[PDB]
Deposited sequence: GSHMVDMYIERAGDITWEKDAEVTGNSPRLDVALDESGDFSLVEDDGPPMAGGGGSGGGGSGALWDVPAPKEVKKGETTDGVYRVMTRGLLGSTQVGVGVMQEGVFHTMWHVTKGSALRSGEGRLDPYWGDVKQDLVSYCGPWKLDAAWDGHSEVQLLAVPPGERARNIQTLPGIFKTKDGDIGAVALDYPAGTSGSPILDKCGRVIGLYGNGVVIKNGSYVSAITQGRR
């Protein structure tokens, strides 16, 4: 009927005095037209899920804010989410940004200062919501520069919110690149 759905995993907070780790490197980065880098409805953080062959399972993470659900284009490619007792339908989304909006337009405004040390609210599969601080590094692109979080989490975390000391959501996890060592590193995609 509608394979996918969301289930929530807490409200968005800043863990004061949480744990800190991360390389914070500055590195220069291309950007494909597909969004690749190179060289109901209650405010809260949800998990995107799918009823599959091995039954139910987490394909990514999205955040719910003022009536509107926000995740990453590659996670849903605007499929329909069966949120609560009713359906939930795409409104807008751009593949190069790698982002999607259900029910309304993009509601998330705050931005990385180039000063603040940020906080990833990771929500990995079969695991509980975790907060974690880091000095983000940077993605030196030809047009603009993007804040970058050196944090290796597993598949299905993609679309976890990155945060400001305020508690504000300043972009999403799980679009990035890997270094030579294999270490993962994500863009603060906004």
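Asker: Where does the model skip over parts of the deposited sequence?
Answerer: Gaps in the modelled chain, taken against the deposited sequence, lie at 1-3, 43-76, 228-230.
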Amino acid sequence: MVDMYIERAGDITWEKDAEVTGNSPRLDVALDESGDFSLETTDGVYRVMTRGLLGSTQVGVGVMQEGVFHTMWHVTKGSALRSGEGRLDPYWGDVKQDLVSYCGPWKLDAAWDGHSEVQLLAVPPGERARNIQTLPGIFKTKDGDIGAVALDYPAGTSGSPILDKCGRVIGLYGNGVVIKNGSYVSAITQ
From here on, numbers count along this sequence of modelled residues.
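Asker: Would you tell me which stretch averages the higher CA B-factor in the PDB entry, 131-139 or 51-59?
Answerer: Higher mean C-alpha B-factor: 131-139.
Asker: Highest mean C-alpha temperature factor of the two stretches 155-163 and 27-35, which is it?
Answerer: Averaged over C-alpha atoms, the B-factors run higher in 27-35.
Asker: Test of reading the entry: by CA B factor among the chain's modelled residues, which third contains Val149?
Answerer: For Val149, whose C-alpha B-factor we compare with every modelled residue in the chain, the answer is the highest third.
Asker: Should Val68 be placed in the lowest, middle or highest third of its chain by the C-alpha B factor in the entry?
Answerer: As the PDB entry reports it, the C-alpha B-factor of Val68 lands in the highest third of its chain.
Asker: Lowest, middle or highest third: where is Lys96 by C-alpha B factor in its chain?
Answerer: Ranked within chain, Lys96 CA B lands in the middle tercile.
Asker: Which third, lowest, middle or highest, does the C-alpha temperature factor of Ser79 belong to within its own chain?
Answerer: Within its chain, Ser79 is a lowest-third residue by C-alpha B-factor, going by the deposited values.
Asker: Report the third (lowest, middle or highest) to which the CA temperature factor of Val185 belongs, ranking only the modelled residues of the same chain.
Answerer: Middle third by C-alpha B-factor.
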